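# Descriptive analysis of the structure
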Amino acid sequence: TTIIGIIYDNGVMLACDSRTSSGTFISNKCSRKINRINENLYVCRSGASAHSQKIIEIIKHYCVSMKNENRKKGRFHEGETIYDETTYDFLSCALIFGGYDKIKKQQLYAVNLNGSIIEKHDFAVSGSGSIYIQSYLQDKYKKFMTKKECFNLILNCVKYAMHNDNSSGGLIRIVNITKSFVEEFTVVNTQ
Amino acid sequence: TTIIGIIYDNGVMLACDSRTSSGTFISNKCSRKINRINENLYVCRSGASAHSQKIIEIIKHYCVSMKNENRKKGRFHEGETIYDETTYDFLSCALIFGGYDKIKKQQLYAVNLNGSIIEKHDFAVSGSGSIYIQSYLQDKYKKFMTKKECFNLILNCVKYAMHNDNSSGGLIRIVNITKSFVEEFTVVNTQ
Amino acid sequence: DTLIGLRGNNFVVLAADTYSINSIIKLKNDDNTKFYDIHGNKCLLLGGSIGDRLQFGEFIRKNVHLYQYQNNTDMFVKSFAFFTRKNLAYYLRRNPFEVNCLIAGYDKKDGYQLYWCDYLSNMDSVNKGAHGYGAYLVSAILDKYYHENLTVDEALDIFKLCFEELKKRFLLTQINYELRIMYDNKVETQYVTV
Amino acid sequence: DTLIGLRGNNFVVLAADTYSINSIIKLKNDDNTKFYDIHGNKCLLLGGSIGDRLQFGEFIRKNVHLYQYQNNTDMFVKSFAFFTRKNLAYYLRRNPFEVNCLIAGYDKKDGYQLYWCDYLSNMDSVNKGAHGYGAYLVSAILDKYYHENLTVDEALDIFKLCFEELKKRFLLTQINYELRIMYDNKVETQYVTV
Amino acid sequence: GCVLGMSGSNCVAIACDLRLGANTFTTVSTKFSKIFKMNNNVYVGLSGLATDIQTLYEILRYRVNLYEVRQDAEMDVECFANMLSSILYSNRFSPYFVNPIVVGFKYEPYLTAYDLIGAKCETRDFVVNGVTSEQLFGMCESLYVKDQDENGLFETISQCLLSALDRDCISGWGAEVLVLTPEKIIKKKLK
Amino acid sequence: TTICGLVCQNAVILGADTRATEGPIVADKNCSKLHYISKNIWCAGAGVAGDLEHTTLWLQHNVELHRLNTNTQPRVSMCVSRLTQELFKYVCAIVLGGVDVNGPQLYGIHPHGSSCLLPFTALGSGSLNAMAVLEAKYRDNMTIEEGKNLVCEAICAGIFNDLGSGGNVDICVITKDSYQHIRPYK
Amino acid sequence: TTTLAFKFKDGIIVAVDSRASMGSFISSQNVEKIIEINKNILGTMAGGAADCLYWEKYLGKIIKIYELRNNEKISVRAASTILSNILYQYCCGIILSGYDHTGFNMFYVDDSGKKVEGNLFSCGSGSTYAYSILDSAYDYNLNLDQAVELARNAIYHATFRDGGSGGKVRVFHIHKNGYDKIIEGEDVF
Amino acid sequence: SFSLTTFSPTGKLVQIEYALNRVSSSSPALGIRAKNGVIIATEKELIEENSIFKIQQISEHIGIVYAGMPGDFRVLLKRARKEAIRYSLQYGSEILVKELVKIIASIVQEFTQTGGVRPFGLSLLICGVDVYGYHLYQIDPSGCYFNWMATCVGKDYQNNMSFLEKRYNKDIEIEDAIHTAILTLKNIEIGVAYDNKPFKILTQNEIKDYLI
Amino acid sequence: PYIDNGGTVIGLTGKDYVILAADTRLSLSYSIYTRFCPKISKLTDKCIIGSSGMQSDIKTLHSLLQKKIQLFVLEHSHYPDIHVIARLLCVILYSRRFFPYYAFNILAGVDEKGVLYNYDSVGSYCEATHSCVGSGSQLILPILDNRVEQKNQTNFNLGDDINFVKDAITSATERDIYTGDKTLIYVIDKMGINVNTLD
Amino acid sequence: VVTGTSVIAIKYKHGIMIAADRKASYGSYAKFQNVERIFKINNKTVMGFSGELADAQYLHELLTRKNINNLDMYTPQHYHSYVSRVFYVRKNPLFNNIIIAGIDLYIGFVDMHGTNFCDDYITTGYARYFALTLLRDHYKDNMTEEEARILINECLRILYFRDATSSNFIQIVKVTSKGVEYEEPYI
Ligand SMILES: */C(=C\S(C)(=O)=O)[C@H](Cc1c[nH]c2ccccc12)NC(=O)[C@H](CC(C)C)NC(=O)[C@H](Cc1c[nH]c2ccccc12)NC(=O)CN1CCOCC1
């Protein structure tokens with residue numbers, strides 16, 4: 001279902017609701033659609049759960065191979081491009097790359113069914129519940145927002161997407177990828 | 001494509017964009033998706049153009065037969081129900097009933113592919129471009145708005161729906177079904 | 001399953017098979033009457049399924065016997081062929097009977113006549129013709145040994161050719177072939193014909 | 001297309017048809033050799049398509065003649081049947097040959113032997129058997145008139161029964177039927193058998 | 001295909017139809033015998049398509065003799081049976097169908113019945129794979145008494161056969177019933 | 001096939017049905033849907049029996065063998081990776097409960113291979129019928145005795161309520177220190 | 001199923017397998033396939049049980065009103081032809097047997113509505129098998145002893161060789177009057 | 001490729017004889033086969049030796065010791081375990097010890113014959129359990145697996161090979177066999193498959209349990 | 001337009017009686033609707049009827065036939081023989097063969113000794129010594145074969161027979177999934193038609 | 001193509017509860033978060049549908065037009081039998097699982113095929129799995145209103161979380177001796 005992400009004044013702020021509806025019947029509610037491919041970058045994912053999870057583990061270990069083969073943490077653009085070339089080879093998932101990089105402090109890549117575009121001065125939204133929020137969120141958008149201010153946009157846009165899309169979940173998880181160090185955020189729920 | 005309607009402080013305010021895209025190629029741009037089934041009530045329509053237009057003419061003459069057989073103008077609820085029972089009998093269109101009635105000064109019926117629900121203290125939205133605006137518009141909603149204030153909501157919600165939905169049209173037409181007498185409105189365009 | 005007919009000034013002769021296969025794999029039912037004598041001087045050789053040619057053959061039989069019991073004159077054989085033409089074709093393409101037929105007859109003016117027709121209501125007047133899968137076999141013989149002026153009996157030798165041919169190299173078909181033989185006076189069967 | 005085989009203490013006898021239809025509609029090609037003498041004392045009666053039974057029959061012929069040119073002992077006929085079993089079955093269900101077969105043979109211990117097999121590699125030892133659409137016909141006779149102890153020639157009368165039966169009421173099949181006849185010493189054909 | 005395996009106090013019994021008819025259930029053969037002896041204390045009764053039966057019993061003949069010679073102990077039924085399940089599972093396609101039954105002392109009696117994929121039921125009592133199986137479980141579920149002498153168990157298994165064979169068109173003539181004790185084996189033909 | 005398992009105050013407690021079925025007629029009075037992958041971790045698969053006996057065999061030996069090859073008790077998540085990777089290569093759900101360096105973990109594994117950690121789980125035809133009663137009465141950190149009675153309650157409901165589910169029940173309390181199986185919970 | 005009929009000297013005769021299985025499973029072996037229509041004519045159903053039973057009873061009606069209408073017994077070819085005329089609208093094939101001519105005529109009406117006249121018709125799944133015996137063992141007209149043994153025999157081989165038919169035997173020699181009736185169990189000896 | 005070992009004029013394979021010499025040059029281990037159990041032992045500062053025992057669990061039943069090259073023991077033990085598993089997948093039951101000894105013997109055979117490889121450098125002991133009885137097979141580098149009521153493998157075992165018999169005299173009980181093993185062996189390790197199928201190494205504390 | 005349900009209704013003619021038992025349980029493809037359904041209806045007089053097809057066709061078919069027996073008896077003042085009942089059934093059923101009723105059906109009656117008519121969906125009716133239909137048929141018929149008939153080896157005491165019925169069905173619940181644990185059992189002794197809710 | 005995922009009904013001697021949520025998903029997603037699926041044919045009778053919407057309002061108008069002529073009064077039984085008779089006529093169709101209920105007490109269900117029956121408690125749609133067994137678990141006769149409605153509320157509680165498509169708030173009706181009460185409040 002929904003996955004979204006808006007960059008605040010500095011860093012990215014990703015979000016998702018968990019539901020993992022299965023065959024139009026909820027099966028594993030309160031899962032974790034958002035991911036830790038690494039501390040520097042997190043990767044929202046939605047589509048088939050199985051193909052996504054396998055792909056998630058796979059890009060994970062490429063990310064770590066790259067992580068130690070060169071002691072600098074891999075640029076998230078490269079995480080994006082490897083997911084590009086990987087899912088290109090059928091397998092099917094849609095997903096969102098956010099993270100911190102010393103090369104480019106905050107970006108937000110978005111991989112389609114097969115090929116991947118960016119939105120440096122924008123936001124990335126996907127899933128069945130995306131379509132409600134593309135228009136709503138692309139109105140409220142302004143680039144100046146700090147996390148205290150954009151936390152609201154993320155939170156609400158999730159709430160509207162979840163309101164009127166059956167697949168869309170209950171409990172939601174968000175990450176405040178701060179430009180600086182740790183960026184943690186805790187599961188929360190409204191309606 | 002898009003058809004929308006929000007009731008202002010008193011009356012209804014319907015809207016639509018014309019495009020009449022044909023086979024994923026625009027054919028009859030700047031048509032008139034909104035209709036005069038009567039002065040008291042207007043009927044937005046979207047779906048296949050042919051089935052809609054025929055159905056439009058048909059309900060028209062039932063509306064006039066009822067109009068003169070009893071000198072009081074037919075309640076728009078009855079226009080709704082006759083369109084209900086008619087399209088029930090395959091034929092296919094989705095549409096929006098707004099209008100004035102001395103029985104109930106302002107309502108907004110909404111007919112699905114086959115069966116028809118109402119939204120007395122709400123708004124009705126439909127078409128491919130609807131889905132963008134369901135969530136956006138259902139946020140901005142408040143029942144107190146006058147036409148000067150809700151004209152904005154209609155206008156903008158059309159503009160967002162048209163922004164990110166390919167079927168959605170250019171020039172747009174709106175009607176300010178005033179509680180009182182005449183309710184006219186003129187074609188207008190933004191982007 | 002094989003049907004054959006041959007016209008000349010001295011004759012019309014309709015040789016035809018007697019077998020009738022319940023299952024296509026086997027000729028379980030024998031000595032069947034494919035012919036239908038519909039006139040004093042016009043036989044009808046039907047083929048395909050037994051039930052179609054039976055229903056249709058009895059049908060045409062009645063409409064002609066009715067037509068003749070009605071008006072004084074007998075049905076002139078081309079009127080017979082064309083009427084069978086209209087009847088078989090009457091069915092919408094969804095319904096025509098699977099029925100190959102050879103009209104054959106005699107006329108007070110036009111003398112001997114022959115009409116080759118098809119499951120589709122295609123029809124033509126010809127000097128010789130055939131039906132079934134065996135059409136391909138005998139026709140190169142019937143073409144070859146044909147005399148336009150031939151006496152009837154050497155034609156009977158020609159059907160001996162055709163038959164011994166179909167036996168040797170086809171769905172083997174050894175049992176005797178009935179065959180009505182037109183004359184100025186009457187038809188003349190030969191069920192014994194092998 | 002019809003194949004028949006019958007074992008007794010005094011005999012194995014494989015009667016079988018000689019026709020070979022290019023087109024299913026017609027037996028255009030005749031006197032075909034369905035049999036394959038694969039042993040001093042084991043014939044193989046194949047059926048179905050001509051190309052499958054030919055490729056497969058020549059094939060089994062070679063693997064057995066190879067096996068015998070190799071080891072001193074001749075291939076014991078059950079080893080022959082089972083080897084044909086493994087070969088025909090070797091094909092994935094996507095590929096088995098359309099080949100009905102009657103192994104028949106003689107043994108230094110087990111004497112006369114017979115093995116009925118199928119397009120699917122189904123196989124069994126039996127006292128009599130048949131193949132083709134004609135299996136349904138002769139089998140009620142072969143069952144009926146069978147003597148477990150019968151002299152070979154009254155069995156030959158039984159194949160006369162079967163044959164005149166298949167002629168009368170089946171894909172008519174009049175031409176002479178070859179049939180290898182096992183003896184303690186040798187096989188004994190009869191191509192002339194009608 | 002029709003096979004049975006009753007168990008007894010000091011015995012096990014196995015049985016079958018002896019017909020191997022072809023398409024349209026014409027009886028091409030009446031002496032076909034699905035039961036086989038893999039070992040003095042081990043038996044298998046195959047059913048379903050007969051080609052796959054000979055191929056399967058053939059492969060068992062192979063691998064069991066191979067193991068018994070390679071390892072001096074006569075193979076225990078649990079080994080032959082779990083291995084059997086291992087055998088079918090490698091490919092569904094190999095048997096378009098086959099329904100093995102495994103039976104024999106191990107001197108506690110051992111009765112197990114594989115599915116064609118190698119799904120397996122290690123029963124303590126009777127089990128009855130075969131085309132006529134429903135009639136089999138039907139009669140034998142109620143006719144069965146826990147422990148009996150080999151002859152009463154014989155008439156018992158014979159009543160399940162005599163009952164089932166007369167309800168199915170595909171059921172064979174005869175009955176290769178096969179009561180056995182560790183020191184003895186008693187096959188019979190019943191009509 | 002219902003299969004219900006649930007975490008208690010220190011140990012996973014799995015419980016499952018015992019009745020195989022061919023689809024129409026039942027083909028077994030009993031079966032083992034509580035396979036023992038290791039002393040402090042078990043799987044409870046639901047689906048085709050054949051595929052289940054297969055992947056549970058291959059799993060049991062991958063895990064027992066790997067345990068022989070390394071010091072560590074085969075911590076529960078490795079079984080989940082192996083299984084899900086196997087199913088991902090290609091029809092059988094599983095529910096596995098083990099206890100380890102972490103908590104008494106319990107997982108559910110979809111036929112397409114998807115994995116999820118769960119507080120309590122059910123799979124099969126009875127799943128719905130088990131989600132109804134299970135969710136209603138669940139509370140985190142139940143006394144294990146509460147697991148003992150509850151999981152049998154939700155199983156019995158998911159038995160009686162399906163045509164496809166029935167027969168005797170069996171339940172086990174996978175403590176990290178030890179499994180504690182019982183062959184017939186009923 | 002399996003149906004047989006042939007005419008020796010003393011009359012036409014009718015024989016049949018009483019088994020009536022719905023698929024591989026056997027619904028019944030008590031089923032009777034032979035049906036009488038007019039007091040002298042009768043037919044045997046083969047193929048589907050419901051449609052064949054329906055058409056037989058229907059035939060009994062049409063024949064009955066005819067028989068009332070002319071106050072007499074109708075010829076067998078009539079009763080054949082009625083089914084030939086109705087079935088052609090649409091089942092299951094059948095055999096007819098009766099007395100109008102000095103010899104008993106025999107017929108066979110296909111589900112296609114094909115009608116056939118002849119001396120030793122047979123139908124049902126196992127028809128082929130007895131159908132061999134009918135000329136190998138009856139090239140020509142014989143005796144009642146010879147005939148009841150014949151039909152009992154040919155039915156027995158159509159019982160052994162075909163799994164789709166079996167059950168009880170039921171031969172019915174037809175007198176110039178009405179007919180006789182005989183039923184048997186297994187006769188393998 | 002090339003079998004680096006080849007035959008002598010004298011007919012012997014000299015290379016495998018070399019490996020025999022290395023095993024003879026390498027460390028001791030004992031095996032003793034009680035009427036109701038089997039015990040195998042061996043003579044095994046910064047190094048935390050607790051991780052290191054020549055003893056190894058191939059199954060719940062089977063346990064082994066090599067004498068020669070420890071990495072060689074590692075790979076043989078690996079293939080061996082993978083065979084006990086490959087078997088238990090191939091069939092429904094635990095491997096017979098004799099069968100595993102045979103498969104190890106073939107694996108050892110190939111490298112002694114197959115091209116390009118140095119022959120294994122070590123002997124093996126393989127105590128175990130089966131429905132037949134409590135077992136102990138030593139495997140030679142040549143592929144000459146052999147039954148033993150007892151055995152020795154490592155340095156200076158010529159004199160030491162003849163202390164083991166005494167337990168069979170009247171000490172067939174395990175607890176008395178223990179002395180036969182340790183006193184014959186006079187660090188250390190001991191694995192014992194007892195009346196129960198599972199075996200387990202005795203801790204140094206339990207090594208002091210018999211030290212008194 | 002057809003769903004399978006397992007009404008497992010069985011008939012069984014005694015020496016002076018007929019017995020008709022049926023599981024009550026209804027069920028969708030794998031879920032139980034009502035725990036208790038009437039799979040058997042009482043024809044107005046000395047006979048009763050059962051079925052196991054889809055329940056709409058069961059109910060409407062029993063309705064129709066009830067309407068026909070009531071109309072017949074009122075028009076003719078005469079309670080129908082069992083034969084006119086089953087025959088009428090062949091009539092009604094074949095009249096719709098091109099779109100068949102899914103209800104396979106059983107009749108049990110007395111002629112004054114339980115005359116009976118079990119049959120297929122299109123009215124291919126047969127008399128029998130005994131009857132079964134529904135998904136539970138194929139399993140029970142051999143049990144009924146032997147208990148009464150001894151074709152390869154006193155059978156209708158009312159107690160012994162109701163017992164055979166009982167054990168046959170109770171066993172049938174076990175091996176079958178569609179059969180329900182409850183059973184109605186009717187008994188048409190010449191006096192009248194008993195009902196039993198044995199389960 | 002609007003659909004309503006569930007309806008349930010339950011009874012106790014003093015009356016009969018019957019409830020459903022007001023959501024009306026228009027395919028993948030909600031359209032009407034406030035639809036009225038429960039409908040009142042009679043003072044002592046209501047119909048509750050859970051399937052495609054249009055068919056449901058169709059049958060709604062049919063049953064009403066059928067009623068006003070008879071408005072002793074038409075019993076819930078006659079209403080139910082008319083209902084099933086209509087489905088089965090249509091079949092030889094309309095998509096619903098309409099249940100008739102009202103008043104002594106009467107509940108009857110009808111599957112889409114015109115399959116129909118009668119029981120003390122009936123659930124309809126997705127509820128059957130996710131509520132019925134639970135409501136099969138705690139159901140007891142002569143539940144007082146508090147016991148009963150707290151019970152159905154526990155059931156809809158399980159349901160909204162397990163059913164893929166439910167609304168947070170429940171239109172709800174209880175039929176009493178006093179007359180049918182359609183409670184306005186929603187949750
Ligand atoms: C769960 C049923 S369900 C509908 O809820 O998923 C059970 C799970 C089960 C059954 N038995 C065990 C044992 C160990 C672990 C799990 C187990 N599975 C089933 O009910 C299967 C239904 C499938 C279609 C979902 N049933 C089967 O697979 C049949 C089992 C069987 C058949 N004959 C037997 C004899 C003895 C013991 C068992 C059986 N077999 C088949 O379906 C045949 N298939 C066909 C295609 O796949 C392989 C074989």
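Going by the structure above, here's the rest.
Throughout what follows, the structure given in this document is the object of discussion. (Residues numbered from 1 in each chain as written, not as in the entry; some residues may be left out. Chains lettered and ligands numbered in written order. Part of a larger assembly, values for the part shown. Heavy atoms only, no water. Residues with missing side-chain atoms left out of burial classes, pairs and counts.)

## Some words on the overall build of chain A
Rules: Numbered from the N terminus, helices here are DSSP runs of H or I no shorter than four residues, and strands are runs of E no shorter than two. Each radius of gyration reported is based on C-alpha atoms, and the globular scaling rule is 2.2 Å times the count of residues to the power 0.38.
Regarding its fold elements, chain A presents 4 helices and 8 strands. Across chain A, helices and strands are ordered from the amino to the carboxyl terminus as β-β-β-α-α-β-β-β-β-α-α-β. Computed over the C-alpha atoms, the radius of gyration of chain A is 15 Å, within 12% of the 16 Å expected from 2.2 N^0.38 for a compact globule of 191 residues.

## Some remarks on the overall build of chain E
Each helix and strand in chain E was counted, giving 4 helices and 9 strands. Computed over its C-alpha atoms, the radius of gyration of chain E comes to 15 Å, within 12% of the 16 Å expected for a compact globule of 191 residues. Based on the C-alpha atoms only, the size of chain E along its principal axes is roughly 45 × 40 × 25 Å.

## Re the interface of chain D and chain G
Rules: Note on contacts: a residue pair is in contact if any heavy atoms of the two residues lie within 4.5 Å. Each residue is assigned to one class: nonpolar for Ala, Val, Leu, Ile, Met, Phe, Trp, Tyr, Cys and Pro, charged for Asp, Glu, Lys and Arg, and polar for all the others, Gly among them.
Listed per partner, the contact involves 11 residues of chain D and 12 residues of chain G. Considering every element that reaches the side of chain D that touches chain G, the biggest residue donor is helix α3 (residues 135-144) of chain D, with 8 residues. Split into classes, the residues belonging to the side of chain D that touches chain G amount to 6 nonpolar, 1 polar and 4 charged.

## Looking at the pairing of strand β7 (residues 99-102) of chain J
Residue and element names in this part refer to chain J. Using the following cut-off: Pairing between strands requires that DSSP locate at least two bridges from one strand to the other.
Of the pairings in the sheet, the one linking strand β6 (residues 45-48) to β7 comprises 4 bridges and is antiparallel in character. Pairing of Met47 across the sheet is with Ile100, part of β7. Of the pairings in the sheet, the one linking β7 to strand β8 (residues 106-110) comprises 4 bridges and is antiparallel in character. Across the sheet, the residue bridging to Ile100 is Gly108, located in β8.

## A look at the sheet that holds strand β6 (residues 116-118) of chain B
Residue and element names in this part refer to chain B. Here is the rule we go by: Axis definition: a line fitted to C-alpha atoms, over the contacting stretch in the case of helices. Angles run 0 to 180 degrees between N-to-C directions.
The strand order β3-β4-β5-β6 describes an open sheet built from 4 strands, whose pairing is antiparallel. Looking at which strands have only one partner, the edges of the open sheet turn out to be β3 (41-47) and β6. Ignoring which end each strand starts from, the neighbouring axes of this sheet average 20° apart. When strand β5 (residues 107-111) meets β6, the two strands line up antiparallel, connected through 3 bridges.

## So, the sheet that holds strand β4 (residues 42-48) of chain C
All names here are of chain C. One open sheet holds the 5 strands; their spatial order is β3-β4-β5-β6-β7, and the pairing between them is antiparallel. Single-partner strands in this sheet number two, and they are β3 (35-37) and β7 (123-125). Strand-to-strand twist of the sheet, defined as the mean angle between neighbouring strand axes without regard to direction, takes the value 20°. In this sheet, strand β6 (residues 113-117) lies alongside strand β5 (residues 99-105) in antiparallel orientation, the contact comprising 4 bridges.

## Some thoughts on the packing of helix α1 (residues 49-69) of chain A against helix α2 (residues 76-87) of chain A
All names here are of chain A. Threshold: Roughly parallel means an angle under 35 degrees; roughly antiparallel, over 145; roughly perpendicular, 65 to 115; everything else is oblique. For any helix crossing, the convention is left-handed if the near helix is rotated counterclockwise from the far helix by under a right angle, and right-handed if that rotation is clockwise.
Packing of α1 against α2 leaves a shortest axis separation of 10 Å and a crossing angle of 130°. Between α1 and α2, the angle is such that the two are oblique. Read as a crossing pair, α1 and α2 show a hand that is right-handed. In this structure, α1 contributes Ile55, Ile59 and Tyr62 to the contact, and α2 contributes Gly79, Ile82, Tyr83 and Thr87.

## Notes on the interface of chain D and chain E
Listed by partner, the interface residues are 10 residues for chain D and 14 residues for chain E. Elements that contribute at least two residues to the side of chain D that touches chain E include exactly α2 (77-90) and β7 (123-125) of chain D.

## A closer look at the packing of aromatic side chains
Geometry of an aromatic ring pair is reported as the spacing of the ring centres plus the angle between the planes. Worth spelling out the cut-off: Here the aromatic set is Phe, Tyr and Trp, taking the six-membered ring for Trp, and pairing holds for ring centres within 6.5 Å; pairs whose planes are under 30 degrees apart are stacked, those over 60 apart are edge-to-face, and all others are tilted. Over a ring means this: the NZ of a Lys or the CZ of an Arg is within 6 Å of the ring centre and within 35 degrees of the ring normal.
Seen in terms of ring centroids, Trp55 of chain G and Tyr90 of chain G are 5.7 Å apart; in terms of plane orientation they differ by 65°. Their pairing is edge-to-face. Of this pair, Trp55 of chain G sits in helix α1 (residues 49-70) while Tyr90 of chain G sits in the loop between α2 (76-86) and β5 (94-98); the two residues are 35 residues apart in sequence, bridging distant segments of the chain. An aromatic cluster of at least three residues, connected via ring pairs, comprises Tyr54, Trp55, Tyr58 and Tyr90 of chain G together with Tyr94 of chain I. Seen from the ring of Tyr145 of chain C, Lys144 of chain C lies directly overhead, with NZ or CZ sitting 5.1 Å from the centre. The ring of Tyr146 of chain D has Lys128 of chain D lying over it, and the distance from NZ or CZ to the ring centre is 4.6 Å.

## Quick word on the pattern of salt bridges
Threshold: The term salt bridge refers to a side-chain nitrogen of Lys or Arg lying within 4 Å of a carboxyl oxygen of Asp or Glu.
One salt bridge in this structure joins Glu58 of chain E and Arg61 of chain E, with 3.6 Å as the shortest N-O distance. Pair noted here: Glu58 of chain E and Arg61 of chain E are both in helix α1 (residues 50-70), with a separation of 3 residues, about one helical turn. A salt bridge links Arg149 of chain J to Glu145 of chain J; the nearest nitrogen and oxygen atoms lie 2.9 Å apart. You can see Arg149 of chain J and its partner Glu145 of chain J sitting in helix α4 (residues 145-162), 4 residues apart, about one turn around the helix.

## Points about the state of the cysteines
This is how the line gets drawn: In this description, a disulfide is simply a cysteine sulfur pair whose atoms lie within 2.5 Å.
The side chain of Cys140 of chain E participates in a disulfide bridge whose partner is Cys160 of chain E; the two sulfur atoms lie 2.0 Å from each other. Taken together, the residues span a long stretch of sequence, with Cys140 of chain E in helix α3 (residues 133-143) and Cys160 of chain E in helix α4 (residues 150-165) at a distance of 20 residues. Across the disulfide, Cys52 of chain G is cross-linked to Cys92 of chain G (sulfur-sulfur distance 2.0 Å).

## With respect to unusual backbone geometry
Look at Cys30 of chain A: it is not a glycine, yet its phi comes out positive at around 60°. As for its position among the elements, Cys30 of chain A is in the loop between β2 (12-17) and β3 (41-47). Non-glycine residue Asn142 of chain J carries a positive phi angle of around 55°. Looking at the element boundaries, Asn142 of chain J is found in the loop between α3 (127-137) and α4.

## Remarks on the packing of helix α1 (residues 50-70) of chain D against α2 of chain D
All names here are of chain D. At a minimum axis separation of 11 Å, α1 and α2 run at an interaxial angle of 130°. Between α1 and α2, the interaxial angle falls into the category oblique. The handedness of the crossing between α1 and α2 is right-handed. On α2, the residues touching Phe56, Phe59, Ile60, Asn63 and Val64 of α1 are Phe80, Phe83, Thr84, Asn87 and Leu88. Within the contact of α1 with α2, the residues separate by chemical class into 7 nonpolar, 3 polar and no charged.

## Describing the environment of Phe11 of chain D
Residue and element names in this part refer to chain D. Checked against the element boundaries, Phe11 lands in strand β2 (residues 11-16). Considering only alpha carbons, one finds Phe11 and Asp110, 99 residues apart in sequence, at a separation of 13 Å. In this structure, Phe11 is in contact with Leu6, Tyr112, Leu150, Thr151, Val152, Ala155 and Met182, ignoring residues within four places of it in sequence.

What is shown is where atoms sit, not what they do.
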